[PDB]
């Protein structure tokens, strides 16, 4: 259920702001960073929402006015879409599938241009949607650097150490419009997902639900995304989607969501909730141990499947032949 804001300011959000879907869910635990149950969840690679990390405390004052003034004159990737679904695709793989036309057009622009185009849309009541997704880098201004340095690196660096993770790969600045949806997908990195402004509903699925979520081929641009349209699921093509069960939560300013590697996540900015701001923290997973302990984890089997698809594409000399060979291998033999 919804949490209540301090000072009797009422519920920060209500259930009417959540999109409706076909599957059940149960809540992700919301715990204190000091709660040993939280440490045991992270250690066991299960999601948890940490409510008191102060991980991005200096950034909670961030809004568009503050950011436009201080974030500098770097280039910012901005994605557009006529729909509320922003497809998570890979431009590098778009050669393999010359018949895929993305619905999200990316445009590189300056931050003040992003704010203006967002203003124009609001002014003219248009229905276009935007989502800024830019990797924080050196070009940012001095006041943003100060805020960045003020993150709780003591806490997150200890986590990185305790879990044997690799190095911090990148920090994404995410600014979206209300109602924006990032479709279900999984990442090959560990993620601390730090909510700054507004509210995002996060629906996670464990890696062992690979069978119910039907990812695109590895060589397809939408690799690691679910093929299932959550708003109109085609149960004839994706029958096991009727067996999916999610882990759900709404994160607001100050919350940090641990999204374990290989865990599917569907992320939506709440309807009529205003703009949302998030910074995430991606870390390479711990290295694979020398002695493999059976039985394998679900995510290890996903890695095996990915590697098979990759090698088959290399050996055949064409990713388009992967599908035909795999069917040849199974039809009448393993089915």
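So that the term is clear: the rigid core is the largest set of C-alpha atoms that superpose within 1.5 Å between two forms. Residue numbers count along the first chain shown, from 1.
Peer 1: Which stretch is more displaced from the shown form in 9 other deposited structures of this protein, 146-154 or 83-91, with RMS over structures and residues of Cα positions after a rigid core fit?
Peer 2: After the core superposition, the stretch with higher RMS deviation in 9 other deposited structures of this protein is 83-91.
Peer 1: I'd like to know which segment deviates more from the shown structure in 9 other deposited structures of this protein: 254-262 or 92-100, using C-alpha RMS over all structures and residues after a core fit.
Peer 2: Taking the RMS over all superposed structures in 9 other deposited structures of this protein, 92-100 lies farther out.
Peer 1: Looking at the entry, does 285-293 or 22-30 show the higher mean C-alpha B-factor?
Peer 2: 285-293 has the higher mean C-alpha B-factor.
Peer 1: Taking the mean of the C-alpha B-factors per stretch from the entry, tell me the winner out of 86-94 and 176-184.
Peer 2: Averaging CA B-factors over each stretch, the winner is 86-94.
Peer 1: Of the options 190, 226, 105, 157, which has the highest CA B factor as deposited?
Peer 2: Of 190, 226, 105, 157, 105 has the highest C-alpha B-factor.
Peer 1: So if I compare the CA B-factors in the entry for 52, 309, 45, 65, which one is the largest?
Peer 2: That would be 65, according to the entry.
Peer 1: Classify residue 208 as lowest, middle or highest third according to the C-alpha B-factor given in the PDB entry, relative to its own chain.
Peer 2: Lowest third of the chain for residue 208's C-alpha B-factor.
Peer 1: Looking at the temperature factor on the CA atom of residue 316, which third of the chain's modelled residues does it land in?
Peer 2: According to the entry, residue 316 has a C-alpha B-factor in the chain's middle third.
Peer 1: Would you mind ranking residue 163 by its C-alpha B-factor against the rest of the chain and naming the third, lowest, middle or highest?
Peer 2: CA B-factor rank for residue 163: middle third.
Peer 1: Using the B-factor values recorded in the entry, state whether the Cα atom of residue 214 falls in the lowest, middle or highest third among the modelled residues of its chain.
Peer 2: Tercile = lowest for this residue's CA B-factor.
Peer 1: So where's residue 70 on the chain's Cα temperature factor ranking, which third?
Peer 2: Tercile = highest for this residue's CA B-factor.
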